[PDB]
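Notes follow the structure.
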Amino acid sequence: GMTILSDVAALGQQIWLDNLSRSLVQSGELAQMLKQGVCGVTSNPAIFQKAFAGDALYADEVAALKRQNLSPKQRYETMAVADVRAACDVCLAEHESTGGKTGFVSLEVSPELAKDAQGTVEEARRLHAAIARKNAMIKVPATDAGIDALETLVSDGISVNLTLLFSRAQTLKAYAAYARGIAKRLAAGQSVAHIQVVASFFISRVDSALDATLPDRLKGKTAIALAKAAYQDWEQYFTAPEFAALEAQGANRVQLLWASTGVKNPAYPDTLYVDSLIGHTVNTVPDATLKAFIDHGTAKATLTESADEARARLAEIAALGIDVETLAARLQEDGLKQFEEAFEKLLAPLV
């Protein structure tokens, strides 16, 4: 039942909605979710492509924007920034209630910038200013250029959702970049207590890539094992003396955020990823997964259970010749291609 969302919050995990649309906000639905256990919102170019194609409330906005001398990208951005502003306004009471720890809405930069650190910084600063809300996160792919950009954006005081993580090594690089940006602010006498960063680590796409060729005892296990090991890495990094010296001065830890948590194989229960990954974390879920979890999910502190088994599974994955770092790079590049495809699909009707 609905109170499962509050049970998960008491275990220290925020549940966010991995969807956004003009009608979700205008209907009052988002505001009602925010009073009842949903604590934030994520978007991406695929989410916007589907919303723009299906939500009747965009039609008048598109017609208005087609009367102006605007590029397709600026028409899209005007639409998306408006949705994000409106959602931020709905989420603001929640965000302020926790001292700025919850109640975020994320907007992703253009996929074409993913390997361009400077261009990413420029666009992220611009979108942060355009939204003009303290509870907006700019969503940046965790390429090497994205991690360069993360350090700069943190040093500029901007909250960031670093996305398309599939690698424990790349996640640790992101933490180090974050810490460098925080240290820069502290050395400049600037505030850090408002800066929030999440590391969005993708789940289902790992199992989708591997399961058809894995031995039986590993099918449907790899993504969860990677996430469990990533969380162990997180505990170790953020409790170490180096980060503790920053946290003592007001820095916030990065938090892991489980994304791609809709189940994609009907051989697995639809609540598998949400149920299995609860532990200072976030899980962003599509509508149908939120539905399923409310109906028949389980709230238990599962993320840290049986870490020994997670390690043994990852050792067997390596024994089989699956290099999870090679896999992560491929999945990140595939995800960027796919987001670019979705973005080009959404731009075409805006010409």
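By other beta-carbon atoms within 10 Å, ranking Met137, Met2, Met79 with the fewest at the front produces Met2, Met79, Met137. Among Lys139, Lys73, sorting on how many other beta-carbon atoms sit within 10 Å of each Cβ, with the fewest leading, yields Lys73, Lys139. A simple rule links phi to the HN-Hα coupling: the Karplus curve 6.51 cos²θ - 1.76 cosθ + 1.60 with θ = phi - 60°, which for the stretch 79-95 gives 4, 5, 4, 4, 4, 5, 3, 4, 5, 4, 4, 5, 8, 5, 4, 4, 4 Hz, with x for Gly and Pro.
Rounded is the label for the chain, because a/c, from the alpha-carbon gyration tensor with a ≥ b ≥ c as root eigenvalues, stays below 1.5.
Between amide H atoms placed 1.01 Å from N, distances below 5 Å from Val109 occur with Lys139, all of them 5 or more places distant or on a separate chain. Applying the Karplus relation 6.51 cos²θ - 1.76 cosθ + 1.60 with θ = phi - 60° to the stretch 22-27 yields 3J(HN,Hα) values of 4, 5, 3, 7, 4, 5 Hz, where x marks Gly and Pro. Over the chain, dividing the summed -39,500 (n - 2.57) contributions of all DSSP H runs of at least 4 residues by the number of residues returns a 222 nm mean residue ellipticity of -17000 deg cm²/dmol. Could you pull out every one of the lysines with an alpha carbon less than 21 Å from that of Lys264, ignoring same-chain neighbours closer than 8 positions? Candidates past the 8-residue exclusion: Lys50, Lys219, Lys221, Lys228, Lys291, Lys337.
Quick check: from the Cα gyration tensor, does the stretch 46-167 come out rounded (a/c under 1.5), prolate or oblate? It comes out oblate by the Cα gyration axes. What does the charge count near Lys73 come to, summing +1 for each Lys or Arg and -1 for each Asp or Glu among other residues with Cβ under 11 Å from its Cβ? That works out to -3. Placing unit charges on the Cβ atoms of the charged side chains and taking the dipole of the chain about its Cα centre, the candidate lying farthest along the positive direction among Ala248, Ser276, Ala10 is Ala248.
What the phi angles of the stretch 313-328 give under the Karplus curve with 6.51, -1.76 and 1.60, with θ = phi - 60°, is a coupling list of 5, 5, 5, 5, 4, 5, 4, 6, x, 7, 9, 5, 6, 4, 4, 4 Hz, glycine and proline written as x. Amide hydrogen proximity for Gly157: with H placed 1.01 Å from N in the peptide plane, no residue at 5 or more positions away or on another chain lies under 5 Å. Between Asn19 and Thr42, the built amide H atoms are under 5 Å apart, and every one of these is 5 or more places off in sequence or on another chain.
Could you please report the charge total around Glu333, scoring K, R as +1 and D, E as -1 over all other residues with beta-carbon less than 14 angstrom from its beta-carbon? Local charge sum for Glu333: -2.
No Cβ is skipped: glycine too gets one built from the backbone with ideal geometry, and neighbour counts run over all protein chains shown. Here, each number is a calculation from the coordinates, and none is a lab measurement.
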